[PDB]
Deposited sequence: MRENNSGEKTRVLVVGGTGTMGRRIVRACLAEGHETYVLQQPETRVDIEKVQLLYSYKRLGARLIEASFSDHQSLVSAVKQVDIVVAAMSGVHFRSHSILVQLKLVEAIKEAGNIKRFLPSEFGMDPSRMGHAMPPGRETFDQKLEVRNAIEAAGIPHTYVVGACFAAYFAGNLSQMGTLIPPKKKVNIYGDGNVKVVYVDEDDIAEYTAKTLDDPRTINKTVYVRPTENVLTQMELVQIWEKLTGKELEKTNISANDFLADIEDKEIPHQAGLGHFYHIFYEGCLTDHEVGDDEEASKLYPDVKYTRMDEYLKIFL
């Protein structure tokens, strides 16, 4: 009990933040969630925060505009994980508090997407972490399955289309589709792993490196219906999100480099039986 790693989760009601909270709990960490002052009446956010208490988490009230409150929060833990909307730069206030507190064994900033160093506020946050001497882990390299797999990678929707589907280019560019729950579980496992201190950890589970046509074909196999496919050229492709989609599906930024086993989450943590996309898609049938 006294040898549990203590983790503060910042952004604990976010999409990835809420999963990190539960993953830290499931991993046995003594888990604390930053409780920011209310900005409005927001019942869903409040009930989510207090539901963590029933699971055994603690809430720590603090405000990013009150440096003392951040220092006091981080003094109660060994590791900080942030998962802010991308409010990336608000983490600079967090870095300053960590630097002053002095007790933090590791900081995991709000990454969980493309590696920005291969492409940013995130790099600005990385530079402050490193300048301060705060030990770090950067979790990168996967598309959230909810945002790119459940919709067969169509923009503007989160569910599989009924008959028509746009194919980017020839849909033969490899993409990394990972269940958000698995990203959170890999994060909970890696944050006190001595092997990943001051490392970038790539989330690239081998069987989930799929081209978009491969993903569409997983779905066509589950439904028994071929979809009507329209290919979109890079020029015709060139609104929120275009030019994330471009880098991913045309440039293949998630798969244009190899990753060693010592830096890849599914090899670092082989007991995590990550969700393959055929299983992920079954919920939509």
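(request) Could you name the stretches of the deposited sequence that have no C-alpha atoms in this structure? (result) Deposited residues absent from the model fall in 1-5, 92-97, 131-141, 261-270.
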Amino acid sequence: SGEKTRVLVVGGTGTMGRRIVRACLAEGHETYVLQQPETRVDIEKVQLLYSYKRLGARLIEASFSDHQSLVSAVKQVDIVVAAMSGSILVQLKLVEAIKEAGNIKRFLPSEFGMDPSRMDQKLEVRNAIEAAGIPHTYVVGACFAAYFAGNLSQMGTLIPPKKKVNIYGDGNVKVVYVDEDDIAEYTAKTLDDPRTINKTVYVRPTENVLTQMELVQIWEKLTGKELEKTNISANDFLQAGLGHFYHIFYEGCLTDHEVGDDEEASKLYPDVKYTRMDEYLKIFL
From here on, numbers count along this sequence of modelled residues.
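Under this definition, the rigid core comprises the largest set of C-alpha atoms superposing within 1.5 Å between the forms.
(message) I'd like to know which segment deviates more from the shown structure in 6 other deposited structures of this protein: 39-47 or 223-231, using C-alpha RMS over all structures and residues after a core fit.
(response) Once the core is superposed, the stretch further away in 6 other deposited structures of this protein is 39-47.
(message) Would you say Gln68 is commonly dropped, meaning unmodelled in a third or more of the other compared entries that have residues on each side of it?
(response) In none of the comparable entries (those modelling both sides of it) is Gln68 left without coordinates.
(message) Across the other PDB entries of this protein that model residues on both sides of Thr31, is it left without coordinates in at least a third of them?
(response) It is not, since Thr31 is included in all of the other entries that model both flanking stretches.
(message) So, looking at the entry's B-factor column for Cα atoms, which has the higher mean, 162-170 or 145-153?
(response) Mean CA B-factor is higher for 162-170.
(request) Select between 60-68 and 219-227 the stretch whose C-alpha atoms have the higher average B-factor in the entry. (result) Comparing averages over the C-alpha atoms only gives 219-227.
(message) Using only the C-alpha B-factors in the record, can you name which of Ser51, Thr255, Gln36, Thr31 has the highest?
(response) That would be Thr255.
(message) Using only modelled residues of the chain, where does the Cα B factor of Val81 rank: lowest third, middle third or highest third?
(response) For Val81, whose C-alpha B-factor we compare with every modelled residue in the chain, the answer is the lowest third.
(message) Split into thirds by Cα B-factor across the chain's modelled residues, where does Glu264 land: lowest, middle or highest?
(response) Its C-alpha B-factor, which the entry lists for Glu264, ranks in the middle third among residues of this chain.
(request) Would you check the entry's CA temperature factor for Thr196 and let me know if it's in the chain's lowest, middle or highest third? (result) Its C-alpha B-factor, which the entry lists for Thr196, ranks in the middle third among residues of this chain.
(request) Ordered by C-alpha B-factor within the chain, which third holds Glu27? Give me lowest, middle or highest, please. (result) It belongs to the lowest third of the chain when residues are ordered by C-alpha B-factor.
(message) Considering every modelled residue of the chain and its Cα B-factor in the PDB entry, is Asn103 in the lowest, middle or highest third?
(response) Middle third of the chain for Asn103's C-alpha B-factor.
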